[PDB]
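The number in the working numbering is simply the position in the sequence shown, starting from 1, with 614 added.
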Amino acid sequence: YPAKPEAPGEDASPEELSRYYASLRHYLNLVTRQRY
Numbered sequence: 615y616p617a618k619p620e621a622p623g624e625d626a627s628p629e630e631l632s633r634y635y636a637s638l639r640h641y642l643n644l645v646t647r648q649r650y
């Protein structure tokens, strides 16, 4: 499994849409931890 929340839609409400979208980038941030 991709271990990521699938992108919202399916007639989802606009306020929920905002919170949910932020979580997408949040998980993606864990996949970008280059050796600094």
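Ideal placement from N, C-alpha and C gives every residue a C-beta, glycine not left out.
Proximity of residue i and residue j at Cβ, strictly below 7 Å
i: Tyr641; j: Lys618; result: yes
Beta-carbon separation (whole angstroms), residue i vs residue j, contact threshold 8 Å
i: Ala626; j: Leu638; result: 13 Å between Cβ atoms; not a contact.
Segment limits, alpha helix (DSSP H) that includes residue i
i: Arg633; result: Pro628 to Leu644
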